[PDB]
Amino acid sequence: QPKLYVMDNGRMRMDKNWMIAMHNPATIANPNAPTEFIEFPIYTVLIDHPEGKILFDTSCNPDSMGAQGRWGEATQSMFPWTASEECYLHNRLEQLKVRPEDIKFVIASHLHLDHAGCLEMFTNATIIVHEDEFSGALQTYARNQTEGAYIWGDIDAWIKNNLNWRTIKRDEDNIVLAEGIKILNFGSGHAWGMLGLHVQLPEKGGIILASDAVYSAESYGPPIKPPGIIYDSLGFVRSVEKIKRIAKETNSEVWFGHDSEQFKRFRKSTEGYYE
C-alpha cells in the first residue's frame, strides 16, 4: 500500500508581484505603491510505492546560495532561499532511510532553480521531464546565462553526471507510471513544459500535484490570477482550467506549488505520511 511523504525543503522569498501579477497597482492616491517580499515553502514529495519509489520535484541545490553559490548574484537577491541542513533534500531522504539510488523515477515538474536543483543526485533513476522544458533549459546553458531561473551550474552537473532522461513528448498525456500514479502533461504556461502528478491513495483518495502550474490558492481563484512573468499566458490559464476539471472529475485535492497556508497544514515527513 503506498505511502506519500511531504518533505520540507526550506523557504524562499520574492516580490509578491512574481506570484500574483499586479497584485497592488499604483493609483492616484498611492503612486509609489510599495510591494511586499513574501515567503513561501519549497517542498518535494516522495511516494513509496510497491512498484518503486517515485520522487516529485527536487527542491534547490545545497550549493545554490552564498559566496560560492551557483545562483547568480541578482538571482540570489531576488529569490533568496533559506534552508537549514536538515531541509536539504539529501538529508530529508536520509531521515526517511531512502538512498538516492533507491529512487526509480524522478518527475521534474519543470527545470526551474527551485524544482530541479538536486536532479544531479539521482544517477540511477529515470528522470522524467517535458521535452520542450529540456530543450529550453539546455539552450540557456549553451548561451552561458549566469542569471535567471535556469541555473547554469545545476545544468552543468546534470550533464556531467550522465542522467537517464526520459522526455515526455508534447502530445503525450496521462502517463501511467504505476498503479494509481499518473503524470499529467500541462504543457507550456508557467514555463516551456509543465508536468504534474495525479496520485490515487487508498485512504486519502486523489491528489493532484500542480507544482508551479498553480502557485497558490490565490492563483487558483476564481478568479484565476496569473504570475507576474509568464512564458505562455494562454497556456497558463488553460492549464489551471485543466487542473480544475481533473480535480472535479476525480474528486481530487489540488496541492499548490508554494501556498504557505496549505503547506502549514500538511503532515510532513518528520511526523508521518499520507496513505
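A residue's number is simply how far along the shown sequence it sits, counting from 1.
- With 54-62 and 34-42 compared on mean CA B-factor from the PDB entry, the stretch scoring higher is 34-42.
- In this entry, the higher average B-factor at the C-alpha atoms falls on 45-53, of the pair 209-217 and 45-53.
- Each of 146, 185, 188, 109 has a CA temperature factor in the record; the biggest one is found at 146.
- Each of 166, 204, 115, 170 has a CA temperature factor in the record; the biggest one is found at 204.
- Sorting the modelled residues of the chain by their CA temperature factor places residue 151 in the lowest third.
- Sort the modelled residues of the chain by CA B factor and residue 252 lands in the middle third.
- Residue-level temperature factors show residue 119 in the lowest third of its chain, judged at the C-alpha atom.
- In this PDB entry, residue 235 carries a Cα temperature factor that places it within the lowest third of its chain's modelled residues.
- When the CA B factors of the chain's modelled residues are split into thirds, the value for residue 93 lands in the middle one.
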